[PDB]
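Asker: Protein chains in written order, with the deposited numbering: chain 5, 149 to 296; chain K, 1 to 172; chain I, 1 to 172; chain C, 2 to 163; chain D, 2 to 163; chain a, 2 to 163. Virtual Cβ for every residue (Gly too), placed ideally from N, Cα, C.
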Amino acid sequence: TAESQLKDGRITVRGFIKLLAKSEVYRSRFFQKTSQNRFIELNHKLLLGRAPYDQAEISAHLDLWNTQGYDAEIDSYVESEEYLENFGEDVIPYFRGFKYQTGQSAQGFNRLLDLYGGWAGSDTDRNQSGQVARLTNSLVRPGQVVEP
Amino acid sequence: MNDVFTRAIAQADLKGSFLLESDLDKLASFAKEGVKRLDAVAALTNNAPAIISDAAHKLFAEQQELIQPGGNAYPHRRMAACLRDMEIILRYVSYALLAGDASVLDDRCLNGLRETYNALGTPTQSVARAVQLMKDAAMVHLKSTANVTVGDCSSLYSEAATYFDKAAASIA
Amino acid sequence: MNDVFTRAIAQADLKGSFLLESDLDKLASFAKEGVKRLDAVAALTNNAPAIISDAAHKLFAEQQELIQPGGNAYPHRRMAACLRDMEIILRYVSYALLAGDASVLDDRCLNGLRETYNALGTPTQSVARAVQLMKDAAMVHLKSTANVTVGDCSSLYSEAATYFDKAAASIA
Amino acid sequence: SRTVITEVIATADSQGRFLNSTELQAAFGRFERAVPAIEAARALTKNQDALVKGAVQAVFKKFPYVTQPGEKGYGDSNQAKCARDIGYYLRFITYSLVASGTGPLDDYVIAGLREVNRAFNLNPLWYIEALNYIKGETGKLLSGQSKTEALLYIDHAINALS
Amino acid sequence: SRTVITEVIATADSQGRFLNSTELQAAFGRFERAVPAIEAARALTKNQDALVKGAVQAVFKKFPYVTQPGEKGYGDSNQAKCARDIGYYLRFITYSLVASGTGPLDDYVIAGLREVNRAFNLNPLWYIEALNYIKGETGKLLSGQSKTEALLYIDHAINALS
Amino acid sequence: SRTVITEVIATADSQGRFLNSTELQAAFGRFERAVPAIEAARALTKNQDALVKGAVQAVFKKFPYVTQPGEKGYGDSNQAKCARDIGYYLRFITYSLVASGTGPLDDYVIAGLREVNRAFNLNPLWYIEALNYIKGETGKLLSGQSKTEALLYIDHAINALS
Ligand SMILES: CCC1=C(C)/C(=C/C2=NC(=C\c3[nH]c(/C=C4\NC(=O)[C@H](C)[C@H]4CC)c(C)c3CCC(=O)O)/C(CCC(=O)O)=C2C)NC1=O
Ligand SMILES: CCC1=C(C)/C(=C/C2=NC(=C\c3[nH]c(/C=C4\NC(=O)[C@H](C)[C@H]4CC)c(C)c3CCC(=O)O)/C(CCC(=O)O)=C2C)NC1=O
Ligand SMILES: CCC1=C(C)/C(=C/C2=NC(=C\c3[nH]c(/C=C4\NC(=O)[C@H](C)[C@H]4CC)c(C)c3CCC(=O)O)/C(CCC(=O)O)=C2C)NC1=O
Ligand SMILES: CCC1=C(C)/C(=C/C2=NC(=C\c3[nH]c(/C=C4\NC(=O)[C@H](C)[C@H]4CC)c(C)c3CCC(=O)O)/C(CCC(=O)O)=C2C)NC1=O
Ligand SMILES: CCC1=C(C)/C(=C/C2=NC(=C\c3[nH]c(/C=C4\NC(=O)[C@H](C)[C@H]4CC)c(C)c3CCC(=O)O)/C(CCC(=O)O)=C2C)NC1=O
Ligand SMILES: CCC1=C(C)/C(=C/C2=NC(=C\c3[nH]c(/C=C4\NC(=O)[C@H](C)[C@H]4CC)c(C)c3CCC(=O)O)/C(CCC(=O)O)=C2C)NC1=O
Ligand SMILES: CCC1=C(C)/C(=C/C2=NC(=C\c3[nH]c(/C=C4\NC(=O)[C@H](C)[C@H]4CC)c(C)c3CCC(=O)O)/C(CCC(=O)O)=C2C)NC1=O
Ligand SMILES: CCC1=C(C)/C(=C/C2=NC(=C\c3[nH]c(/C=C4\NC(=O)[C@H](C)[C@H]4CC)c(C)c3CCC(=O)O)/C(CCC(=O)O)=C2C)NC1=O
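1. Ignore the nearest five residues each way along the sequence and tell me which others in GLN125 (chain K)'s own chain have a CB closer than 8 Å to its CB.
2. Cβ of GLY88 (chain a) within 6 Å of any heavy atom in ligand 8?
3. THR149 (chain 5) CB to nearest chain C CB: under 7 Å?
4. Give the residues from the stretch 46-62 of chain K that approach chain C closer than 7 Å (Cβ to any Cβ), ordered along the chain.
5. Out of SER155 (chain K), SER154 (chain K), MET1 (chain K) and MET134 (chain K), which has the shortest C-alpha to C-alpha gap to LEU44 (chain K)?
6. Taking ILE165 (chain 5) as the reference, give the member of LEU283 (chain 5), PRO200 (chain 5), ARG186 (chain 5) and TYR242 (chain 5) with the closest Cα.
7. Please decide whether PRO37 (chain D) counts as near chain K, where near means a Cβ-Cβ distance under 7 Å.
8. For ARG114 (chain I), go through chain 5 and note every residue whose CB falls closer than 8 Å to its CB, in chain order.
9. In chain D, what lies closer than 7 Å to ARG84 (chain K) by C-beta?
10. To the nearest angstrom, report how far apart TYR109 (chain D) and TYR89 (chain D) are at their CA atoms.
11. Could one say the Cβ of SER22 (chain C) lies closer than 7 Å to chain K's Cβ atoms, at least one of them?
12. Tell me where the alpha helix (DSSP H) around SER97 (chain C) begins and ends.
13. Should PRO37 (chain a) go down as buried or exposed, given a rule of 16 or more other Cβ atoms within 10 Å for buried?
14. So, with DSSP's three-state summary, where would you put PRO65 (chain C)?
15. For the stretch 140-152 of chain a against the stretch 33-52 of chain a, are there 3 or more C-beta pairs whose distance is under 8 Å?
16. Got a sec: does ligand 7 put a non-hydrogen atom nearer than 6 Å to the Cβ of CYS82 (chain K)?
17. Between the stretch 98-106 of chain D and the stretch 151-163 of chain D, do three or more beta carbon pairs fall short of 8 Å?
18. Would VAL150 (chain I) count as contacting chain C if we go by Cβ distances under 7 Å?
19. How would you call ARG274 (chain 5), buried or exposed, if buried means at least 16 neighbouring beta carbons within 10 angstroms?
20. Say whether chain D places a C-beta atom closer than 7 Å to the C-beta of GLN26 (chain C).
21. Counting Cβ pairs, one atom from each stretch, are 3 or more of them under 8 Å apart for the stretch 16-34 of chain C and the stretch 46-60 of chain C?
22. How far does the alpha helix (DSSP H) with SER22 (chain a) in it reach, from first residue to last?
23. If the cut-off is 7 Å on Cβ atoms, which residues from the stretch 64-76 of chain D count as contacting chain C, listed in chain order?
24. For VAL5 (chain D) and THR23 (chain C), what's the separation of their Cα atoms in angstroms?
25. With a threshold of 16 other CB atoms inside 10 Å of the CB of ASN160 (chain a), please say whether the residue is buried or exposed.
26. Under the three-state reduction of DSSP, which class applies to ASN118 (chain a): helix, strand or coil?
27. So, does the stretch 283-294 of chain 5 touch the stretch 201-215 of chain 5, judging by three or more C-beta pairs under 8 Å?
28. Return yes when the Cβ of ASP101 (chain I) is within less than 7 Å of the Cβ of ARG7 (chain I), no when it is not.
29. Use the C-beta contact count for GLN184 (chain 5): other C-beta atoms within 10 angstroms, 16 or more gives buried, fewer gives exposed.
30. According to DSSP, simplified to helix, strand and coil, what is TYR242 (chain 5)?
31. For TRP267 (chain 5), count neighbouring C-beta atoms within 10 Å of its own C-beta (all shown protein chains included) and say buried if the count is 16 or more, exposed if not.
32. Give me the residue from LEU142 (chain D), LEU162 (chain D) and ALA158 (chain D) with the minimum Cα distance to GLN49 (chain D).
33. To the nearest angstrom, report how far apart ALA161 (chain I) and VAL131 (chain I) are at their CA atoms.
34. Determine, using beta carbons only, whether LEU98 (chain a) and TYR128 (chain a) come nearer to each other than 7 Å.
35. Taking all protein chains shown into account, decide if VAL9 (chain D) is buried (16 or more other Cβ within 10 angstroms of its Cβ) or exposed.
36. Taking Cβ-Cβ distances shorter than 8 Å, what residues in chain C pair up with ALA80 (chain K)?
Quick look at the structure:
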């Protein structure tokens with residue numbers, strides 16, 4: 149149905165991205181099997197092409213979800229000014245964090261490298277681990293390292 | 001995500017065989033007694049503000065050094081995040097209680113929580129204590145006989161206690 | 001996206017007065033025949049590919065210009081689009097039937113559908129004939145008494161015929 | 002609104018596929034106990050006057066400060082507004098009952114409740130206590146399954162307010 | 002897997018809320034709908050090998066050429082592993098009955114079906130009409146309430162194959 | 002309807018003479034037989050439901066292998082109709098007890114029994130075992146004469162089943 153909508157032109161490519169993000173595949177892979185941290189990382193990486201820049205992004209998006217639901221959480225990504233300026237209505241999202249994007253922290257590059265995992269790799273969730281979050285400590289302890 | 005039925009099914013499939021008669025008996029008993037489970041899940045859902053508030057009162061009346069300045073629940077943003085985490089953990093416990101399986105809890109609340117709380121400096125011992133206090137406040141509510149028919153639900157009490165203990169032992 | 005219950009609540013709130021006795025009684029009736037309604041929508045869902053295939057066969061037989069080069073269903077792409085539209089129409093018809101209200105059909109399936117075909121050059125008369133043949137096949141598959149307990153469902157057949165017919169009229 | 006049929010149809014249309022076993026089972030689960038819900042709504046639609054006056058007087062009792070002059074509770078038109086408010090809540094509980102879901106309750110009371118309540122300076126505990134009294138007396142006016150449905154829906158309203 | 006319980010939890014989870022009345026309503030419908038389904042699963046499991054033999058010979062009777070030399074059904078391995086495939090379909094239909102949802106079918110069979118049928122040239126019609134034979138045989142194997150459930154899942158498998 | 006007096010009438014009317022000593026004496030004898038049979042039938046009519054149900058469970062207990070999926074009796078309706086069958090035969094036992102002859106039995110059930118059983122695949126041995134259960138109880142329930150002719154009638158019933 150979404151592909152037919154796109155072919156007719158009732159929805160732009162951005163609206164189709166929104167529909168796929170609200171689809172059951174996106175949930176069953178990235179939301180339902182993962183903590184909220186991993187979900188925010190994946191949302192940034194997939195709908196914005198960038199890694200999270202700081203911990204306030206995680207806090208804001210977790211509160212947005214807890215108060216308004218998955219649909220509002222997704223809308224905050226696609227209707228954001230950043231998606232509209234970078235990709236707009238008619239461009240497919242791509243990994244733009246590899247080249248310096250205006251306003252990014254120093255870490256966004258390293259975090260996108262940590263998320264990437266190569267051209268073959270993927271955000272599967274069928275791993276033996278179960279889609280754990282990668283950037284839990286790189287976001288709140290951006291520089292240092294701690295052992296338990 | 002899983003429940004009891006899908007867990008038995010997955011075990012049987014990984015083995016490659018139909019579900020045996022005994023396992024069908026177990027799932028039939030589960031479904032037959034699931035009405036008590038619905039009552040318990042409702043007891044958690046409907047009183048949840050009371051559980052959260054009583055647990056918060058007790059936690060901050062026994063562990064003062066959280067609400068002190070420099071304590072890690074000092075401002076309203078940190079106190080609000082504390083209460084929000086308490087509610088979320090209680091929510092996933094009620095979920096896992098309805099499902100009969102703790103997989104949703106271990107996959108959405110507990111698979112990266114100890115690491116997050118360590119990376120934020122929050123004392124995971126106090127978080128586990130908060131979870132146990134919520135367990136106590138909830139058990140005061142699951143044993144309520146008002147508005148429900150009398151019966152025995154020791155099994156559901158044990159199951160909910162083990163879910164709270166799973167949350168505590170996977171945060172602490 | 002309204003059902004009979006939501007619609008009736010809407011008029012009741014438009015008046016501002018409580019729901020009466022008679023309307024609530026007919027809603028309870030609607031609930032009682034809800035099982036026959038669920039079997040009706042099940043009969044529609046179960047046989048959807050067969051209904052689409054037979055309706056398509058009859059339609060393409062009656063209008064050979066659709067198939068021949070220059071027709072509106074000539075290439076494989078346009079035939080696939082035709083069959084997909086037929087299936088979507090039947091899907092929304094079953095949606096409306098289970099909801100018991102034509103609101104599901106009209107609110108999303110029929111808004112811009114009428115003029116999209118005209119802008120595409122699609123003859124809407126052929127679409128009306130397609131959904132009419134679909135209605136015939138659906139009636140045939142609905143009167144089937146195999147594998148189900150027998151009873152009166154004439155209101156269900158009339159309601160389904162109204163849904164198919166108003167879908168035809170709105171498209172045309 | 003949002004009734005069991007409504008989520009069933011919405012979820013089925015989201016994947017763009019017909020209603021499979023699970024959706025029909027959910028619709029059946031709603032249908033088979035539509036009758037305790039409707040009989041409970043019938044039982045608590047006859048007593049609406051007793052319900053509204055009892056709730057208003059219980060709110061006055063529990064909160065003495067909302068009775069004397071110098072506040073919103075005092076006033077003939079204000080008390081008429083209180084009675085109208087309680088009648089609206091009870092009517093939307095009846096709508097939730099007949100819908101066999103929280104839909105009418107949601108999109109009549111719960112949605113946009115906090116800021117609407119706040120911009121007019123009304124204590125949420127007021128209506129929470131009113132609904133608590135409604136809970137108390139509907140526990141006895143209704144027995145068994147109808148009582149269960151009532152308790153659940155009025156408490157969902159309370160939790161929304163609280 | 003997508004069941005009634007799991008779909009309820011995922012819907013109340015993605016919205017960040019507790020389980021309200023409608024969700025427990027659907028859960029209760031599942032719980033009491035379980036018993037016919039469990040009995041249907043017991044019957045299909047008891048009558049497994051006979052059903053598989055019947056479906057295999059139905060494939061061969063309706064598709065007589067398939068067993069002729071030079072193509073798919075020729076040779077002992079392909080018959081034994083036809084039996085294997087029908088056993089898989091039957092096992093997952095019973096799994097979906099016990100779970101009272103189309104989870105196991107949509108996961109272990111329906112997801113990825115067209116690609117592997119295309120890449121091995123397995124005609125779907127063989128499986129569609131073997132499932133039709135099982136659909137018929139449950140008419141005299143089951144009866145009453147659970148027959149509707151078993152027919153419903155046999156039916157979903159047939160629709161997905163087509 | 003060949004009660005003893007009925008074939009008395011048949012023998013009388015077949016030829017031209019009136020009724021002689023033998024048939025009058027036989028009619029007298031039957032007319033004292035009428036009593037103990039009448040208390041037997043009354044006692045059995047007093048003990049209807051427990052006896053018929055116990056017969057049904059006895060049929061289960063002596064024939065457990067059918068009780069699996071495989072009974073023609075499997076399912077609530079079919080077990081209930083087993084019970085109603087036993088009730089029908091108990092009806093006919095009482096009727097033949099009153100009639101002092103096999104009249105009801107041979108007229109209705111014994112008439113065309115074997116071919117009906119063949120058509121409906123109902124093993125008589127089940128019925129026979131049920132009547133052996135009835136033997137067991139009627140050994141206690143009735144005494145002396147009533148017992149004796151009741152036992153003889155249900156013996157003839159066994160033989161009819163065989
Ligand atoms: C919201 C509900 C909805 C509707 C109403 C709908 C209809 C619909 N049909 C379309 C194309 C089409 N539709 C048809 C079908 C018609 N032409 C033939 O003559 C048949 C007789 C007749 C079918 C009964 C055909 C042949 C096309 C292909 C035209 C093209 O590809 O440009 C399109 C645009 C392309 C696409 O779907 O990818 C839409 C939106 N789709 C929807 O999601
Ligand atoms: C969806 C499942 C999920 C949960 C629940 C979760 C917990 C979670 N808690 C957080 C912070 C926090 N968590 C707490 C709670 C602690 N403070 C006190 O010591 C208490 C003992 C204890 C609570 C009972 C506090 C105070 C913060 C804020 C700390 C900060 O802002 O640095 C954060 C990150 C920043 C934020 O929320 O503002 C997460 C992600 N993560 C998840 O993926
Ligand atoms: C809409 C959501 C929903 C609710 C709320 C619900 C409650 C519910 N509880 C029931 C019985 C019951 N309820 C309880 C639970 C209580 N008894 C125990 O002692 C505790 C005090 C407490 C639980 C810890 C028990 C034990 C039964 C009887 C068990 C049975 O039904 O066999 C029944 C069946 C009536 C009966 O057999 O008596 C219902 C419908 N069902 C639903 O579909
Ligand atoms: C763009 C060009 C184009 C192609 C190629 C095309 C294929 C095509 N062939 C058709 C008819 C058919 N064609 C065949 C022929 C097959 N069966 C045997 O005879 C042979 C092994 C084999 C051909 C060598 C058959 C049997 C049908 C009837 C199918 C049916 O009605 O079920 C139909 C259905 C038309 C109808 O009757 O409603 C299509 C769509 N359609 C197109 O628009
Ligand atoms: C879980 C999903 C679901 C299923 C599988 C379902 C089948 C279903 N059909 C039923 C009865 C029935 N169903 C029908 C409808 C049929 N009779 C005629 O043949 C019509 C052609 C046809 C309408 C399409 C009728 C007339 C009855 C008996 C009357 C009654 O429901 O009380 C019943 C209730 C009593 C029973 O049969 O044991 C169920 C559960 N209903 C459901 O909600
Ligand atoms: C159907 C949707 C709906 C709701 C939910 C509703 C509540 C409500 N009551 C109002 C007025 C009022 N309501 C009250 C009652 C409160 N103050 C005290 O008296 C009591 C303790 C307490 C009741 C338990 C009062 C005093 C006013 C006067 C105006 C004001 O305070 O804003 C207002 C402001 C606008 C108006 O209606 O005049 C709202 C929104 N009204 C609605 O149309
Ligand atoms: C999860 C459940 C599951 C299914 C359903 C399944 C189907 C399946 N069947 C296969 C082969 C096959 N399946 C068949 C079936 C045919 N045999 C007879 O002739 C009949 C006409 C007909 C069956 C009704 C045949 C002939 C092959 C071998 C074809 C080949 O090797 O290319 C294969 C390729 C792997 C192999 O068996 O070597 C798959 C994946 N596999 C699965 O893991
Ligand atoms: C006085 C005249 C009379 C007779 C002779 C009688 C026996 C009798 N048994 C029948 C079938 C049946 N009979 C039974 C009971 C038997 N099957 C089980 O194995 C038990 C061991 C056993 C009970 C002792 C059952 C379960 C059926 C259903 C089989 C079918 O419908 O094909 C039927 C077919 C009609 C129906 O479906 O109800 C009759 C008439 N009932 C009568 O009113």
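Answerer: Checking against the coordinates, here is how it stands:
1. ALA172
2. For ligand 8, not one heavy atom lies less than 6 Å from the Cβ of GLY88 (chain a).
3. yes
4. Against chain C - using a Cβ distance shorter than 7 Å - the residues of the stretch 46-62 of chain K are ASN46 and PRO49.
5. Between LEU44 (chain K) and the set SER155 (chain K), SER154 (chain K), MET1 (chain K) and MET134 (chain K), the nearest pair of CA atoms involves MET134 (chain K).
6. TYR242 (chain 5)
7. no
8. None at all; the shortest Cβ gap to chain 5 is about 14 Å.
9. The premise fails here: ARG84 (chain K) is roughly 10 Å from chain D at the closest Cβ pair, so nothing lies under 7 Å.
10. 9 Å
11. Under the Cβ criterion of 7 Å, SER22 (chain C) is not counted among the residues facing chain K.
12. 77-100
13. If you draw a 10 Å sphere on the C-beta of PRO37 (chain a), you find 16 or more other C-beta atoms in it, and that means buried.
14. helix
15. yes
16. no
17. yes
18. no
19. exposed
20. yes
21. With the cut-off at 8 Å, the stretch 16-34 of chain C and the stretch 46-60 of chain C do not touch.
22. 22-47
23. Residues of the stretch 64-76 of chain D with a C-beta less than 7 Å from any C-beta of chain C: none at all.
24. 6 Å
25. exposed
26. helix
27. Using a Cβ-Cβ distance cut-off of 8 Å, the stretch 283-294 of chain 5 and the stretch 201-215 of chain 5 are in contact, since at least three pairs of beta carbons, one from each stretch, lie closer than that value.
28. Yes.
29. buried
30. coil
31. exposed
32. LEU142 (chain D)
33. Between the alpha carbons of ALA161 (chain I) and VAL131 (chain I) lies a gap of roughly 11 Å.
34. no
35. buried
36. Under the 8 Å cutoff, chain C gives no residues; its nearest Cβ is about 15 Å from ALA80 (chain K).
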